[PDB]
>>> print(open('work_11.txt').read())   # compact mmCIF, C-alpha atoms (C1' of nucleotides)
# COMPACT_ATOMS: atom_id res chain seq x y z
CA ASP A 1 4.98 11.85 15.19
CA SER A 2 7.40 13.73 17.45
CA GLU A 3 4.92 15.60 19.66
CA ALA A 4 3.51 12.44 21.25
CA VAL A 5 4.54 12.30 24.91
CA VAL A 6 6.41 9.02 25.38
CA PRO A 7 4.80 7.38 28.45
CA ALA A 8 8.17 5.99 29.53
CA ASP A 9 9.75 9.45 29.46
CA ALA A 10 6.74 11.00 31.20
CA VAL A 11 6.70 8.52 34.08
CA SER A 12 10.48 8.70 34.42
CA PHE A 13 10.30 12.49 34.62
CA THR A 14 7.52 12.33 37.22
CA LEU A 15 9.59 9.93 39.32
CA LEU A 16 12.54 12.31 38.90
CA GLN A 17 10.38 15.18 40.15
CA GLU A 18 9.30 13.16 43.18
CA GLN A 19 12.84 12.02 44.03
CA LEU A 20 14.24 15.53 43.59
CA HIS A 21 11.53 17.02 45.81
CA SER A 22 12.17 14.40 48.50
CA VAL A 23 15.93 15.00 48.39
CA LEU A 24 15.35 18.74 48.73
CA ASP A 25 13.04 18.07 51.68
CA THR A 26 15.92 16.13 53.25
CA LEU A 27 17.89 19.38 53.29
CA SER A 28 17.01 22.21 55.66
CA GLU A 29 13.91 24.26 54.94
CA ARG A 30 15.68 27.52 54.07
CA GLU A 31 18.38 25.75 52.05
CA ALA A 32 15.82 23.77 50.05
CA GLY A 33 13.74 26.89 49.44
CA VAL A 34 16.65 28.99 48.22
CA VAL A 35 18.03 26.29 45.92
CA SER A 36 14.54 25.62 44.52
CA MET A 37 14.11 29.33 43.79
CA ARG A 38 17.59 29.43 42.24
CA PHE A 39 16.49 26.58 39.94
CA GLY A 40 12.73 27.10 39.68
CA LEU A 41 11.60 23.75 41.06
CA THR A 42 8.28 25.42 41.99
CA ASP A 43 7.99 27.78 39.01
CA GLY A 44 9.34 27.52 35.47
CA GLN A 45 11.46 30.68 35.88
CA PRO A 46 14.48 30.31 38.19
CA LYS A 47 15.34 33.47 40.09
CA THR A 48 18.93 34.68 40.06
CA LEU A 49 20.65 35.34 43.36
CA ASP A 50 19.65 38.92 44.18
CA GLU A 51 16.15 38.12 42.93
CA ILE A 52 16.05 35.38 45.54
CA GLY A 53 17.32 37.98 48.01
CA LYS A 54 14.11 40.05 48.06
CA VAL A 55 11.29 37.79 49.27
CA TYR A 56 13.63 36.06 51.75
CA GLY A 57 15.17 39.26 53.13
CA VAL A 58 18.83 38.27 52.67
CA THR A 59 21.52 39.96 50.61
CA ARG A 60 22.59 39.08 47.08
CA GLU A 61 25.81 37.63 48.54
CA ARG A 62 24.47 35.87 51.63
CA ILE A 63 22.11 34.05 49.26
CA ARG A 64 25.09 33.25 47.03
CA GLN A 65 27.03 31.62 49.85
CA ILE A 66 24.11 29.56 51.13
CA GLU A 67 23.31 28.47 47.56
CA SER A 68 26.93 27.35 47.21
CA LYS A 69 26.67 25.42 50.48
CA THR A 70 23.48 23.76 49.22
CA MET A 71 25.27 22.73 46.03
CA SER A 72 28.15 21.33 48.08
CA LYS A 73 25.78 19.39 50.35
CA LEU A 74 23.84 17.99 47.39
CA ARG A 75 27.14 16.99 45.75
CA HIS A 76 27.82 14.89 48.86
CA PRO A 77 27.75 11.14 48.07
CA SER A 78 24.77 10.78 50.43
CA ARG A 79 22.17 12.61 48.30
CA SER A 80 23.64 11.59 44.95
CA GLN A 81 23.23 7.82 44.56
CA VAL A 82 19.51 8.12 43.82
CA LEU A 83 19.87 11.08 41.45
CA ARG A 84 22.81 9.65 39.48
CA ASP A 85 20.66 7.03 37.74
CA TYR A 86 18.28 9.76 36.51
CA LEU A 87 20.96 11.85 34.76
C1' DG B 1 -51.56 11.77 -19.95
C1' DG B 2 -50.86 8.59 -16.51
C1' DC B 3 -49.02 3.96 -17.21
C1' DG B 4 -45.23 1.44 -18.70
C1' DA B 5 -41.21 -0.63 -19.60
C1' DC B 6 -36.90 0.49 -20.09
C1' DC B 7 -33.48 3.05 -19.76
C1' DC B 8 -30.41 5.12 -17.61
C1' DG B 9 -27.91 7.05 -14.11
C1' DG B 10 -26.19 6.51 -9.89
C1' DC B 11 -24.99 4.58 -6.38
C1' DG B 12 -23.72 0.87 -2.60
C1' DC B 13 -20.97 -2.68 -1.15
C1' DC B 14 -17.48 -6.03 -2.12
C1' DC B 15 -14.09 -11.67 5.43
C1' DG B 16 -9.94 -10.72 8.96
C1' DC B 17 -5.31 -9.35 10.75
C1' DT B 18 -0.34 -9.22 10.76
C1' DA B 19 3.80 -8.99 7.63
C1' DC B 20 5.80 -7.80 2.92
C1' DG B 21 9.24 -4.96 -2.82
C1' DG B 22 10.85 -0.54 -4.74
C1' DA B 23 9.74 3.74 -7.37
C1' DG B 24 9.43 9.20 -7.74
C1' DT B 25 10.50 12.71 -13.54
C1' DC B 26 9.49 17.85 -19.69
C1' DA B 27 8.63 24.44 -22.17
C1' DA B 28 10.78 34.07 -19.91
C1' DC B 29 12.95 38.05 -18.56
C1' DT B 30 14.95 42.42 -16.50
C1' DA B 31 14.72 46.59 -14.08
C1' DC B 32 13.73 48.94 -10.04
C1' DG B 33 12.75 50.00 -5.31
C1' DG B 34 12.05 49.25 -0.80
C1' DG B 35 12.44 47.11 3.45
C1' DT B 36 14.19 43.88 6.50
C1' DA B 37 17.87 41.95 8.19
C1' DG B 38 22.52 41.21 9.08
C1' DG B 39 27.04 43.06 10.88
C1' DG B 40 29.90 45.59 14.31
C1' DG B 41 30.16 49.66 17.81
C1' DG B 42 29.40 51.30 21.69
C1' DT B 43 26.80 51.67 26.30
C1' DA B 44 23.73 51.20 30.65
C1' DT B 45 22.58 47.56 33.59
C1' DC B 46 22.80 43.30 36.12
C1' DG B 47 25.82 39.53 38.54
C1' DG B 48 29.78 37.50 40.49
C1' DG B 49 34.24 37.78 44.16
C1' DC B 50 36.50 39.27 49.05
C1' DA B 51 37.28 40.85 54.54
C1' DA B 52 34.79 43.30 58.55
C1' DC B 53 31.23 42.93 60.81
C1' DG B 54 27.04 41.57 62.90
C1' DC B 55 25.95 38.43 66.88
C1' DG B 56 26.11 35.12 71.67
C1' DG B 57 27.98 32.34 75.03
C1' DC B 58 30.79 32.70 78.03
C1' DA B 59 34.57 34.33 79.75
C1' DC B 60 37.69 37.23 81.67
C1' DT B 61 38.14 41.73 83.80
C1' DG B 62 38.73 40.53 88.75
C1' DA B 63 37.19 44.86 90.53
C1' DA B 64 34.51 45.59 93.95
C1' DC B 65 32.32 44.38 96.92
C1' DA B 66 29.63 40.97 100.10
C1' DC B 67 29.47 36.16 103.30
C1' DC B 68 30.66 33.54 106.73
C1' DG B 69 34.90 32.29 109.43
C1' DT B 70 38.29 33.43 112.39
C1' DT B 71 41.86 34.76 116.78
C1' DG B 72 42.23 40.01 117.00
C1' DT B 73 41.06 42.81 121.57
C1' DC B 74 39.24 44.89 125.35
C1' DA B 75 37.71 46.61 129.52
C1' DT B 76 36.05 44.14 132.98
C1' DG B 77 34.59 40.07 135.90
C1' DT B 78 36.13 35.18 139.71
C1' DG B 79 39.71 33.17 143.14
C1' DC B 80 43.52 33.32 146.19
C1' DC B 81 46.48 36.07 149.53
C1' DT B 82 47.37 39.81 152.79
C1' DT B 83 45.75 42.95 156.21
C1' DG B 84 41.78 45.21 158.82
>>> encode(input="work_11.txt", output="structure tokens")
Amino acid sequence: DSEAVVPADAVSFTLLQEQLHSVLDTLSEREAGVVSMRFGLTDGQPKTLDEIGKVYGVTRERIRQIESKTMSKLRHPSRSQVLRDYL
DNA sequence: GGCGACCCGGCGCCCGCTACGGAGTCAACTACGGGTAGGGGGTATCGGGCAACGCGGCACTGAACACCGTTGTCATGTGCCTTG
């Protein structure tokens, strides 16, 4: 069958979730929160920028810039060696 | 007329795992009518890209006063000399 959850894939994905959450925790609290909302790491629906900019009380563009800074920081070679192997 | 064989149906199963071949197949038709679905066309709505512009530390603005420090200064007090 095709619906059977491959245990290898399941455990690899769980380890990916743990590593991703830890790497986000390495970042600042607000930065981790906004990037997680932008990519739905807590909920299956990511929120676009201005939709992040309602519960947090920041503008649709302030959120855009800090999201860009979070992407730049994550792209740093520091917090990339662990995530590269997971693809 | 219950016993009786016998007869028959009817059914029940028939060690263990790996490992080990493929193969796949014969007889209507058209007309309509709708409805969904596709396509492009155009339109309201959401999302992405830039400098001021919010702040804050401090810094300058020294300006304008304050804080001691100082040699300005004064009218007023001792010591020697001349005359009562």
>>> closest_residue(input="work_11.txt", among="A:60, A:39, A:53, A:15", to="chain B", atoms="only C-alpha atoms (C1' of nucleotides)")
A:60
>>> interface_residues(input="work_11.txt", of="chain B", to="chain A", cutoff="12 Å", atoms="only C-alpha atoms (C1' of nucleotides)", output="PyMOL selection string")
chain B and resi 46-50
>>> atom_distance(input="work_11.txt", atom1="atom CA of residue A:25", atom2="atom CA of residue A:6")
28.6 Å
>>> atom_distance(input="work_11.txt", atom1="atom CA of residue A:22", atom2="atom CA of residue A:55")
23.4 Å
>>> residues_around(input="work_11.txt", residues="stretch 68-82 of chain A", least_positions_apart="5", cutoff="9 Å", atoms="all atoms listed in the file", output="PDB file with C-alpha atoms, in the coordinates of the input")
ATOM      1  CA  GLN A  19      12.840  12.020  44.030  1.00  0.00           C
ATOM      2  CA  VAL A  23      15.930  15.000  48.390  1.00  0.00           C
ATOM      3  CA  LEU A  24      15.350  18.740  48.730  1.00  0.00           C
ATOM      4  CA  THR A  26      15.920  16.130  53.250  1.00  0.00           C
ATOM      5  CA  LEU A  27      17.890  19.380  53.290  1.00  0.00           C
ATOM      6  CA  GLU A  31      18.380  25.750  52.050  1.00  0.00           C
ATOM      7  CA  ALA A  32      15.820  23.770  50.050  1.00  0.00           C
ATOM      8  CA  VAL A  34      16.650  28.990  48.220  1.00  0.00           C
ATOM      9  CA  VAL A  35      18.030  26.290  45.920  1.00  0.00           C
ATOM     10  CA  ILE A  63      22.110  34.050  49.260  1.00  0.00           C
TER      11      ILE A  63
END
>>> atom_distance(input="work_11.txt", atom1="atom CA of residue A:67", atom2="atom CA of residue A:12")
27.0 Å
>>> residues_around(input="work_11.txt", residues="stretch 42-44 of chain A", least_positions_apart="4", cutoff="10 Å", atoms="only C-alpha atoms (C1' of nucleotides)", output="list in words")
residues 21, 33, 36 and 37 of chain A
